[PDB]
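**Q** Data file input_18.cif (mmCIF, C-alpha atoms) is appended below.
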data_input
#
loop_
_atom_site.label_atom_id
_atom_site.label_comp_id
_atom_site.auth_asym_id
_atom_site.auth_seq_id
_atom_site.Cartn_x
_atom_site.Cartn_y
_atom_site.Cartn_z
CA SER A 133 27.82 13.30 0.53
CA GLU A 134 25.64 12.42 3.54
CA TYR A 135 22.51 11.74 1.48
CA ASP A 136 19.67 9.97 3.31
CA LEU A 137 18.05 8.12 0.40
CA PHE A 138 18.58 7.38 -3.26
CA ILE A 139 15.93 6.05 -5.64
CA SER A 140 16.89 3.66 -8.41
CA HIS A 141 14.36 3.68 -11.19
CA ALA A 142 13.71 3.30 -14.88
CA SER A 143 13.77 6.28 -17.21
CA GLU A 144 10.01 6.00 -17.67
CA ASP A 145 9.15 6.48 -13.98
CA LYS A 146 11.50 9.42 -13.34
CA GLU A 147 9.17 12.39 -13.89
CA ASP A 148 5.91 10.43 -13.63
CA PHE A 149 6.56 9.14 -10.10
CA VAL A 150 10.10 9.43 -8.76
CA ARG A 151 10.35 13.22 -8.97
CA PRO A 152 7.11 14.03 -7.09
CA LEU A 153 8.08 11.42 -4.51
CA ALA A 154 11.53 12.95 -4.07
CA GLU A 155 9.99 16.41 -3.67
CA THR A 156 7.41 15.06 -1.22
CA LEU A 157 10.23 13.41 0.74
CA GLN A 158 12.19 16.67 0.75
CA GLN A 159 9.14 18.29 2.33
CA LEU A 160 9.61 15.86 5.25
CA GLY A 161 13.24 16.79 5.77
CA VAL A 162 14.69 13.82 3.87
CA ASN A 163 17.78 14.32 1.73
CA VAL A 164 17.05 12.36 -1.45
CA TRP A 165 18.77 12.46 -4.84
CA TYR A 166 17.78 10.45 -7.92
CA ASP A 167 18.98 12.18 -11.09
CA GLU A 168 22.21 10.18 -11.35
CA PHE A 169 20.56 6.80 -10.71
CA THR A 170 18.25 6.53 -13.70
CA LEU A 171 18.76 3.11 -15.27
CA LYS A 172 19.64 3.20 -18.95
CA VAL A 173 18.96 0.17 -21.15
CA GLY A 174 22.64 -0.74 -21.33
CA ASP A 175 23.61 0.27 -17.80
CA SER A 176 24.56 -2.20 -15.06
CA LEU A 177 22.08 -2.14 -12.18
CA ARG A 178 24.51 -3.64 -9.66
CA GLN A 179 27.10 -0.94 -10.33
CA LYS A 180 24.50 1.79 -9.80
CA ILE A 181 23.19 0.34 -6.54
CA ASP A 182 26.59 -0.12 -4.93
CA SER A 183 27.61 3.40 -5.97
CA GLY A 184 24.50 4.91 -4.38
CA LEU A 185 24.93 2.84 -1.23
CA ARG A 186 28.45 4.19 -0.73
CA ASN A 187 27.13 7.76 -0.30
CA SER A 188 23.62 7.12 1.05
CA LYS A 189 22.31 5.85 4.37
CA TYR A 190 19.36 4.09 2.68
CA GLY A 191 18.23 2.99 -0.77
CA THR A 192 15.21 1.80 -2.73
CA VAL A 193 14.28 0.69 -6.24
CA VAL A 194 11.11 1.57 -8.17
CA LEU A 195 10.08 -1.81 -9.59
CA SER A 196 8.16 -1.37 -12.82
CA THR A 197 7.94 -3.61 -15.85
CA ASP A 198 10.29 -1.24 -17.65
CA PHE A 199 12.78 -1.60 -14.82
CA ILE A 200 13.06 -5.37 -14.96
CA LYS A 201 13.00 -5.39 -18.76
CA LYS A 202 15.67 -2.71 -19.10
CA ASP A 203 18.51 -4.61 -17.43
CA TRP A 204 18.05 -7.88 -19.27
CA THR A 205 21.32 -9.23 -17.89
CA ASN A 206 20.09 -9.49 -14.26
CA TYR A 207 19.29 -13.01 -13.06
CA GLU A 208 19.53 -12.45 -9.28
CA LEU A 209 17.64 -9.19 -8.92
CA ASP A 210 15.93 -10.44 -5.75
CA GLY A 211 19.10 -10.12 -3.71
CA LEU A 212 19.86 -6.61 -4.90
CA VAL A 213 16.82 -5.00 -3.24
CA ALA A 214 18.12 -5.89 0.24
CA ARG A 215 21.80 -5.15 -0.44
CA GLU A 216 23.71 -3.73 2.53
CA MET A 217 27.09 -2.00 2.70
CA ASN A 218 28.71 -0.39 5.78
CA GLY A 219 25.74 0.67 7.95
CA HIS A 220 23.66 1.46 4.89
CA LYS A 221 20.84 -0.78 3.73
CA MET A 222 18.47 -1.09 0.78
CA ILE A 223 14.90 -0.97 2.06
CA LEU A 224 11.29 -1.08 0.92
CA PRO A 225 11.20 -1.80 -2.81
CA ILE A 226 8.40 0.09 -4.55
CA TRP A 227 6.26 -1.97 -6.93
CA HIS A 228 5.13 0.76 -9.32
CA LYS A 229 3.72 -0.34 -12.71
CA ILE A 230 4.38 -4.07 -12.67
CA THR A 231 2.32 -7.24 -12.83
CA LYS A 232 2.47 -10.18 -10.44
CA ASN A 233 3.02 -12.34 -13.52
CA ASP A 234 5.99 -10.22 -14.61
CA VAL A 235 7.58 -10.57 -11.17
CA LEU A 236 6.95 -14.31 -11.31
CA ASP A 237 8.77 -14.53 -14.64
CA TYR A 238 11.89 -12.53 -13.84
CA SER A 239 12.38 -13.02 -10.08
CA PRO A 240 9.86 -15.20 -8.23
CA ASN A 241 11.70 -14.57 -4.96
CA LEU A 242 10.87 -10.88 -5.17
CA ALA A 243 7.26 -11.76 -4.42
CA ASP A 244 8.02 -12.53 -0.77
CA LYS A 245 9.66 -9.22 0.09
CA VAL A 246 8.48 -6.32 2.20
CA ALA A 247 7.46 -3.75 -0.38
CA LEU A 248 5.16 -0.85 -1.21
CA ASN A 249 2.63 -0.77 -4.08
CA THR A 250 1.69 2.48 -5.79
CA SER A 251 -1.66 1.06 -6.93
CA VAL A 252 -2.82 0.76 -3.33
CA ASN A 253 -0.66 3.52 -1.81
CA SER A 254 -0.35 7.17 -2.75
CA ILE A 255 2.83 9.19 -3.10
CA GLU A 256 2.13 10.85 0.24
CA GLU A 257 1.58 7.52 2.00
CA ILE A 258 4.71 6.02 0.42
CA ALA A 259 6.75 9.06 1.39
CA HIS A 260 5.44 8.87 4.96
CA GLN A 261 6.46 5.20 5.11
CA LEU A 262 10.00 5.87 3.90
CA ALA A 263 10.20 8.89 6.23
CA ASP A 264 9.04 6.74 9.13
CA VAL A 265 11.98 4.42 8.53
CA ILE A 266 14.66 7.01 7.72
CA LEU A 267 13.71 9.37 10.57
CA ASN A 268 13.51 6.60 13.21
CA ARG A 269 9.94 7.60 14.02
CA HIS A 270 7.85 5.63 16.51
CA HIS A 271 10.98 4.05 18.01
CA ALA B 132 -29.29 -10.67 -22.91
CA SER B 133 -26.61 -11.28 -25.54
CA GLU B 134 -24.42 -13.84 -27.32
CA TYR B 135 -20.92 -12.86 -26.17
CA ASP B 136 -20.22 -13.56 -22.51
CA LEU B 137 -17.67 -10.79 -21.85
CA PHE B 138 -15.93 -7.90 -23.61
CA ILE B 139 -12.80 -6.13 -22.40
CA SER B 140 -12.18 -2.44 -22.91
CA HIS B 141 -8.51 -1.57 -22.77
CA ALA B 142 -5.78 0.77 -23.98
CA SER B 143 -3.68 0.03 -27.05
CA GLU B 144 -0.62 -0.56 -24.87
CA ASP B 145 -2.23 -3.35 -22.83
CA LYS B 146 -3.73 -5.19 -25.82
CA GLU B 147 -0.92 -7.62 -26.60
CA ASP B 148 0.77 -7.33 -23.19
CA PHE B 149 -2.23 -8.17 -21.01
CA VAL B 150 -5.67 -8.28 -22.64
CA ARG B 151 -4.61 -10.93 -25.14
CA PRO B 152 -3.30 -13.50 -22.60
CA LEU B 153 -6.20 -12.78 -20.24
CA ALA B 154 -8.80 -13.29 -22.97
CA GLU B 155 -6.96 -16.45 -24.05
CA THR B 156 -7.19 -17.79 -20.50
CA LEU B 157 -10.85 -16.82 -20.30
CA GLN B 158 -11.54 -18.84 -23.44
CA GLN B 159 -9.67 -21.75 -21.86
CA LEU B 160 -12.24 -21.47 -19.04
CA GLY B 161 -15.25 -21.59 -21.37
CA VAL B 162 -16.08 -17.88 -21.53
CA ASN B 163 -16.99 -16.34 -24.88
CA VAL B 164 -14.75 -13.26 -24.78
CA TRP B 165 -13.94 -10.70 -27.46
CA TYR B 166 -11.74 -7.65 -27.03
CA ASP B 167 -10.29 -6.98 -30.47
CA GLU B 168 -12.71 -4.19 -31.42
CA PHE B 169 -12.75 -2.41 -28.04
CA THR B 170 -9.25 -0.96 -27.97
CA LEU B 171 -9.41 2.66 -26.79
CA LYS B 172 -7.12 4.81 -28.91
CA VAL B 173 -6.42 8.47 -28.29
CA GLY B 174 -9.37 10.65 -29.23
CA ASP B 175 -11.82 7.74 -29.02
CA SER B 176 -15.13 7.94 -27.16
CA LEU B 177 -15.13 5.60 -24.18
CA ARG B 178 -18.92 5.85 -23.77
CA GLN B 179 -19.49 4.90 -27.41
CA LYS B 180 -17.19 1.87 -27.09
CA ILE B 181 -18.74 0.68 -23.82
CA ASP B 182 -22.30 1.04 -25.09
CA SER B 183 -21.34 -0.79 -28.29
CA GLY B 184 -19.82 -3.65 -26.33
CA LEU B 185 -22.82 -3.83 -24.01
CA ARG B 186 -25.09 -4.15 -27.05
CA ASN B 187 -23.70 -7.61 -27.91
CA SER B 188 -22.15 -8.77 -24.60
CA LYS B 189 -23.63 -10.01 -21.34
CA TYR B 190 -20.93 -8.38 -19.22
CA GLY B 191 -18.09 -5.94 -19.66
CA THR B 192 -14.97 -4.80 -17.89
CA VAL B 193 -12.34 -2.10 -18.31
CA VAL B 194 -8.59 -2.55 -17.91
CA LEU B 195 -7.66 0.54 -15.88
CA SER B 196 -4.12 1.57 -16.67
CA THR B 197 -2.65 5.04 -16.58
CA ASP B 198 -2.71 4.87 -20.38
CA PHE B 199 -6.42 4.08 -20.40
CA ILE B 200 -7.47 7.07 -18.33
CA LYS B 201 -5.16 9.29 -20.36
CA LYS B 202 -6.94 8.41 -23.61
CA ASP B 203 -10.35 10.09 -23.13
CA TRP B 204 -9.62 13.77 -22.58
CA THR B 205 -13.35 14.57 -22.86
CA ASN B 206 -14.17 12.14 -20.04
CA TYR B 207 -15.09 14.08 -16.91
CA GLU B 208 -17.56 11.57 -15.43
CA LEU B 209 -15.60 8.33 -15.83
CA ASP B 210 -16.85 6.91 -12.52
CA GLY B 211 -20.26 6.01 -13.96
CA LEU B 212 -19.00 4.33 -17.12
CA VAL B 213 -17.38 1.38 -15.32
CA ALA B 214 -20.75 0.35 -13.83
CA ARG B 215 -22.84 1.33 -16.84
CA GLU B 216 -25.95 -0.76 -17.45
CA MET B 217 -27.59 -1.09 -20.86
CA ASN B 218 -30.50 -3.41 -21.62
CA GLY B 219 -29.86 -6.33 -19.25
CA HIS B 220 -26.07 -6.07 -19.32
CA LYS B 221 -23.70 -4.64 -16.72
CA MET B 222 -20.09 -3.48 -16.52
CA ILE B 223 -18.33 -5.47 -13.80
CA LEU B 224 -15.01 -5.88 -11.96
CA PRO B 225 -12.66 -3.13 -13.11
CA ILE B 226 -9.09 -4.39 -13.50
CA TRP B 227 -6.44 -2.04 -12.11
CA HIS B 228 -3.55 -2.93 -14.39
CA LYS B 229 -0.66 -0.46 -14.46
CA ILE B 230 -2.04 2.49 -12.53
CA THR B 231 -1.21 4.54 -9.46
CA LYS B 232 -3.51 5.20 -6.54
CA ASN B 233 -2.86 8.90 -7.19
CA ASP B 234 -3.75 8.59 -10.88
CA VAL B 235 -7.10 7.04 -10.02
CA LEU B 236 -7.65 9.62 -7.28
CA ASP B 237 -7.13 12.39 -9.83
CA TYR B 238 -9.37 11.19 -12.67
CA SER B 239 -12.19 9.28 -10.91
CA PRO B 240 -11.90 9.51 -7.11
CA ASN B 241 -15.03 7.41 -6.58
CA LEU B 242 -13.32 4.35 -8.09
CA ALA B 243 -10.63 4.24 -5.39
CA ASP B 244 -12.87 2.59 -2.80
CA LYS B 245 -14.68 0.32 -5.26
CA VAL B 246 -14.41 -3.43 -5.72
CA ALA B 247 -11.76 -4.17 -8.33
CA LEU B 248 -8.98 -6.58 -9.31
CA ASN B 249 -5.25 -5.72 -9.25
CA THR B 250 -2.79 -7.17 -11.72
CA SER B 251 0.04 -6.29 -9.31
CA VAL B 252 -1.28 -8.54 -6.54
CA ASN B 253 -3.07 -11.16 -8.68
CA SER B 254 -1.89 -13.32 -11.56
CA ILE B 255 -3.70 -13.70 -14.88
CA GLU B 256 -5.03 -17.15 -13.99
CA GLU B 257 -6.02 -15.83 -10.57
CA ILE B 258 -7.90 -12.93 -12.17
CA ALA B 259 -9.57 -15.19 -14.71
CA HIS B 260 -10.92 -17.49 -12.01
CA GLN B 261 -12.60 -14.54 -10.29
CA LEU B 262 -14.01 -13.30 -13.58
CA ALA B 263 -15.25 -16.76 -14.62
CA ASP B 264 -16.75 -17.40 -11.19
CA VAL B 265 -18.92 -14.32 -11.58
CA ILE B 266 -19.77 -14.64 -15.27
CA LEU B 267 -20.62 -18.36 -15.15
CA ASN B 268 -22.37 -18.44 -11.74
CA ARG B 269 -19.86 -20.92 -10.30
#
What is this file in C-alpha cells?

**A**
Amino acid sequence: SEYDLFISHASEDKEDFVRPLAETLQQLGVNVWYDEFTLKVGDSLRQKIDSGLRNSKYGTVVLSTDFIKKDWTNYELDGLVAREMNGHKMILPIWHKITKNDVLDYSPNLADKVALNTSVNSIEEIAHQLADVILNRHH
Amino acid sequence: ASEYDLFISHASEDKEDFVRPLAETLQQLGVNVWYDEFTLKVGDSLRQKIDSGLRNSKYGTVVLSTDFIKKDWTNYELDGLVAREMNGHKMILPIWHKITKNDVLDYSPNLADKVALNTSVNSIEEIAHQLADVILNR
C-alpha cells in the first residue's frame, strides 16, 4: 500500500544482494518490498517499474550485467531509472555487478547518472544513503 | 626475469567475458600476455597457479570477481597472494571485476584499501593503458 521503496533487480542479485539490503533498510525503519519485482527474462521492465511506482513513494534498480542482458528489448533504459509518477520518483540506481564497457554498449547515457556502486560501497553504506533520502535526513 | 610480460589469473566465468578482450587489447599494446592456462576452477589451488605463472612471467595480476574468491575454499590468507613475489617477479594491480565491497571485506579485508583497478568505473582500454604504462615503463 504505502510502501516507501521498491527494488527492481535481476533474479541473480535477489538473494545475493537485494535481500540483505532490504533487511538492512528495514532495520532503519524503511518499508521496502522486492519479491514481486524480480525481472524474468521475458518480463517487461517498463511494466514492472510503473506498477511499483504506483504503490511506492520511491524506487531504484539494481544494475548488473544480468539485468541489462535480461530485458533485451529495452533501448531507452536510461530514462527509466529517473521515471516519476504522481509525487513518486525513481532515485539512485545501484550499479552492482556491471562493467563500464557493458553500460557503454547498452545505454551510454546511464554513465552520467547519480548512482551507487557496490564495489566501492557496502550494503550498510548504500542502505544509509537510501535511508538519508527517504527519511528526509539532514534537511 | 622471464619471457612473458604478464599473466592474468581469473575465474572461468570471466575468461571469455573479460580476460579474453583485455588480453587481446594488451597484445594490441605490445605486451606479451597469456592467460589461457591460469583459469581458476573450483577446487584449484590459487597459490600453485600464481607461483606457476610467476615462474615464466615478469608480472601477474588477478581478476577479482565474486566468482574468483568463491573458488578457493582452502584460501584463508588470500591477501598475500595478490602481492606475491617469486624470483624477480611481482603480482601487481588487482582488477576488481564483478565484486562487492562487502564480498572483499569478508574474504580478504586487507585488500579493500589497496591500490586496484575497477572494471565498473574504468573501460577495458582504460585499464589496459594503466597496465601497459606500468609493465612497459612508459

**Q** Running the PyMOL selection byres ((chain B and resi 177-186) around 12) on this model by hand, what would come out? Give it as number ranges by chain.

**A** B: 132-142, 164-176, 187-193, 199-223

**Q** Output the contact residues of chain A with respect to chain B at a cut-off of 10 Å, based on all atoms listed in the file, as number ranges by chain.

**A** A: 149, 196-197, 227-236, 243, 249-256

**Q** The PyMOL selection byres ((chain A and resi 188-193) around 8) - which residues does that actually catch in the file I just gave you? List them as an MDAnalysis selection string.

**A** chainID A and resid 133:141 184:187 194:195 213 219:226 266

**Q** Write out the residues from the selection above, keeping C-alpha atoms, as a PDB file, in the coordinates of the input.

**A**
ATOM      1  CA  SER A 133      27.820  13.300   0.530  1.00  0.00           C
ATOM      2  CA  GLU A 134      25.640  12.420   3.540  1.00  0.00           C
ATOM      3  CA  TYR A 135      22.510  11.740   1.480  1.00  0.00           C
ATOM      4  CA  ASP A 136      19.670   9.970   3.310  1.00  0.00           C
ATOM      5  CA  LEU A 137      18.050   8.120   0.400  1.00  0.00           C
ATOM      6  CA  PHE A 138      18.580   7.380  -3.260  1.00  0.00           C
ATOM      7  CA  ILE A 139      15.930   6.050  -5.640  1.00  0.00           C
ATOM      8  CA  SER A 140      16.890   3.660  -8.410  1.00  0.00           C
ATOM      9  CA  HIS A 141      14.360   3.680 -11.190  1.00  0.00           C
ATOM     10  CA  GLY A 184      24.500   4.910  -4.380  1.00  0.00           C
ATOM     11  CA  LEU A 185      24.930   2.840  -1.230  1.00  0.00           C
ATOM     12  CA  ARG A 186      28.450   4.190  -0.730  1.00  0.00           C
ATOM     13  CA  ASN A 187      27.130   7.760  -0.300  1.00  0.00           C
ATOM     14  CA  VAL A 194      11.110   1.570  -8.170  1.00  0.00           C
ATOM     15  CA  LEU A 195      10.080  -1.810  -9.590  1.00  0.00           C
ATOM     16  CA  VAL A 213      16.820  -5.000  -3.240  1.00  0.00           C
ATOM     17  CA  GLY A 219      25.740   0.670   7.950  1.00  0.00           C
ATOM     18  CA  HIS A 220      23.660   1.460   4.890  1.00  0.00           C
ATOM     19  CA  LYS A 221      20.840  -0.780   3.730  1.00  0.00           C
ATOM     20  CA  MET A 222      18.470  -1.090   0.780  1.00  0.00           C
ATOM     21  CA  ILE A 223      14.900  -0.970   2.060  1.00  0.00           C
ATOM     22  CA  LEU A 224      11.290  -1.080   0.920  1.00  0.00           C
ATOM     23  CA  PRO A 225      11.200  -1.800  -2.810  1.00  0.00           C
ATOM     24  CA  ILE A 226       8.400   0.090  -4.550  1.00  0.00           C
ATOM     25  CA  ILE A 266      14.660   7.010   7.720  1.00  0.00           C
TER      26      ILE A 266
END

**Q** Go through B:195, B:262, B:162, B:157 and flag the residue nearest residue B:144, using all atoms listed in the file for the distances.

**A**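 Closest to residue B:144, using all atoms listed in the file: B:195.
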
**Q** Expressed in Å to a single decimal, how great is the separation between atom CA of residue B:226 and atom CA of residue B:247?

**A**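 If I compute the distance from atom CA of residue B:226 to atom CA of residue B:247, I get 5.8 Å.
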
**Q** What separation in Å, quoted to one decimal, exists between atom CA of residue A:142 and atom CA of residue A:246?

**A**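 Atom CA of residue A:246 lies at a distance of 20.3 Å from atom CA of residue A:142.
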
**Q** Between atom CA of residue A:268 and atom CA of residue A:152, measure the distance and give it in Å to one decimal.

**A**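 Atom-to-atom, atom CA of residue A:268 and atom CA of residue A:152 are spaced 22.5 Å apart.
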
**Q** If you count all atoms listed in the file, which residues fall within 8 Å of residue A:210, apart from same-chain ones fewer than 4 positions away, as a list in words?

**A**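 Once the nearby chain positions are removed, what remains is residues 214, 239, 241 and 242 of chain A.
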
**Q** Could you check the closest approach to residue A:203 for each of A:247, A:173, A:179, A:215 and tell me which residue wins, using all atoms listed in the file?

**A**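 Distance minimum relative to residue A:203 lands on A:173.
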
**Q** Enumerate, as a list in words, the residues matched when the PyMOL selection byres ((chain A and resi 171) around 9) is run on the file above.

**A** residues 140, 141, 142, 143, 168, 169, 170, 172, 173, 174, 175, 176, 177, 180, 199, 202 and 203 of chain A

**Q** For the selection you just gave me, I'd like the residues written to a file as a CSV table (one decimal), keeping the file's coordinate frame, keeping C-alpha atoms.

**A**
chain,number,residue,atom,x,y,z
A,140,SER,CA,16.9,3.7,-8.4
A,141,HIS,CA,14.4,3.7,-11.2
A,142,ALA,CA,13.7,3.3,-14.9
A,143,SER,CA,13.8,6.3,-17.2
A,168,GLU,CA,22.2,10.2,-11.4
A,169,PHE,CA,20.6,6.8,-10.7
A,170,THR,CA,18.2,6.5,-13.7
A,172,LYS,CA,19.6,3.2,-19.0
A,173,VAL,CA,19.0,0.2,-21.2
A,174,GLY,CA,22.6,-0.7,-21.3
A,175,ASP,CA,23.6,0.3,-17.8
A,176,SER,CA,24.6,-2.2,-15.1
A,177,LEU,CA,22.1,-2.1,-12.2
A,180,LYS,CA,24.5,1.8,-9.8
A,199,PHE,CA,12.8,-1.6,-14.8
A,202,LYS,CA,15.7,-2.7,-19.1
A,203,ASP,CA,18.5,-4.6,-17.4

**Q** Taking every listed atom of stretch 218-234 of chain A and adding 4 Å to each side, what centre and edge lengths in Å (one decimal) does the axis-aligned box have, as AutoDock Vina command-line options?

**A**
--center_x 15.5 --center_y -5.4 --center_z -3.3 --size_x 34.4 --size_y 21.8 --size_z 30.6

**Q** Working from the structure I just supplied, which lacks atoms in stretch 192-214 of chain A, can you model N, CA, C and O atoms there and output them as a compact mmCIF listing (two decimals), keeping the file's coordinate frame?

**A**
# COMPACT_ATOMS: atom_id res chain seq x y z
N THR A 192 16.41 2.48 -2.26
CA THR A 192 15.21 1.80 -2.73
C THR A 192 15.18 1.79 -4.24
O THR A 192 15.80 2.63 -4.89
N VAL A 193 14.45 0.82 -4.80
CA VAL A 193 14.28 0.69 -6.24
C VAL A 193 12.80 0.80 -6.57
O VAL A 193 11.95 0.30 -5.82
N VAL A 194 12.48 1.48 -7.68
CA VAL A 194 11.11 1.57 -8.17
C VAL A 194 10.93 0.45 -9.19
O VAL A 194 11.42 0.52 -10.31
N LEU A 195 10.25 -0.61 -8.77
CA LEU A 195 10.08 -1.81 -9.59
C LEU A 195 8.90 -1.61 -10.51
O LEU A 195 7.75 -1.63 -10.08
N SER A 196 9.18 -1.40 -11.79
CA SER A 196 8.16 -1.37 -12.82
C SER A 196 8.55 -2.38 -13.89
O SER A 196 9.67 -2.88 -13.92
N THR A 197 7.62 -2.68 -14.79
CA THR A 197 7.94 -3.61 -15.85
C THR A 197 9.13 -3.12 -16.66
O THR A 197 10.01 -3.90 -17.03
N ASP A 198 9.17 -1.82 -16.92
CA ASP A 198 10.29 -1.24 -17.65
C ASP A 198 11.59 -1.51 -16.92
O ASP A 198 12.62 -1.75 -17.55
N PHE A 199 11.57 -1.40 -15.60
CA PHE A 199 12.78 -1.60 -14.82
C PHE A 199 13.35 -3.00 -15.02
O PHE A 199 14.53 -3.16 -15.34
N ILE A 200 12.52 -4.03 -14.85
CA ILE A 200 13.06 -5.37 -14.96
C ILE A 200 13.41 -5.70 -16.41
O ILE A 200 14.32 -6.49 -16.67
N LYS A 201 12.69 -5.12 -17.36
CA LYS A 201 13.00 -5.39 -18.76
C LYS A 201 14.25 -4.67 -19.22
O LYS A 201 14.97 -5.16 -20.09
N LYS A 202 14.54 -3.51 -18.63
CA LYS A 202 15.67 -2.71 -19.10
C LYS A 202 16.97 -3.49 -18.94
O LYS A 202 17.70 -3.72 -19.91
N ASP A 203 17.27 -3.89 -17.71
CA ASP A 203 18.51 -4.61 -17.43
C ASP A 203 18.17 -6.07 -17.68
O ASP A 203 17.76 -6.81 -16.78
N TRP A 204 18.34 -6.50 -18.93
CA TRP A 204 18.05 -7.88 -19.27
C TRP A 204 19.05 -8.83 -18.62
O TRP A 204 18.73 -9.99 -18.35
N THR A 205 20.26 -8.34 -18.34
CA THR A 205 21.32 -9.23 -17.89
C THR A 205 21.16 -9.71 -16.45
O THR A 205 21.95 -10.56 -16.02
N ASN A 206 20.17 -9.23 -15.70
CA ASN A 206 20.09 -9.49 -14.26
C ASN A 206 19.29 -10.77 -14.03
O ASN A 206 18.10 -10.85 -14.36
N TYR A 207 19.97 -11.80 -13.52
CA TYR A 207 19.29 -13.01 -13.06
C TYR A 207 18.86 -12.88 -11.60
O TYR A 207 17.68 -13.04 -11.27
N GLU A 208 19.80 -12.55 -10.71
CA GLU A 208 19.53 -12.45 -9.28
C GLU A 208 19.25 -11.00 -8.90
O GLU A 208 20.05 -10.32 -8.24
N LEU A 209 18.08 -10.52 -9.32
CA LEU A 209 17.64 -9.19 -8.92
C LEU A 209 17.00 -9.20 -7.54
O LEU A 209 16.89 -8.14 -6.91
N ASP A 210 16.58 -10.37 -7.06
CA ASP A 210 15.93 -10.44 -5.75
C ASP A 210 16.89 -10.06 -4.63
O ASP A 210 16.49 -9.45 -3.64
N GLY A 211 18.16 -10.44 -4.76
CA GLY A 211 19.10 -10.12 -3.71
C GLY A 211 19.45 -8.66 -3.66
O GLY A 211 19.74 -8.12 -2.59
N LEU A 212 19.40 -7.99 -4.81
CA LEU A 212 19.86 -6.61 -4.90
C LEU A 212 19.02 -5.66 -4.06
O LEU A 212 19.54 -4.66 -3.55
N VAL A 213 17.72 -5.93 -3.91
CA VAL A 213 16.82 -5.00 -3.24
C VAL A 213 16.96 -5.03 -1.73
O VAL A 213 16.29 -4.24 -1.04
N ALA A 214 17.79 -5.92 -1.18
CA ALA A 214 18.12 -5.89 0.24
C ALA A 214 19.62 -5.75 0.46
O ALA A 214 20.12 -6.08 1.53
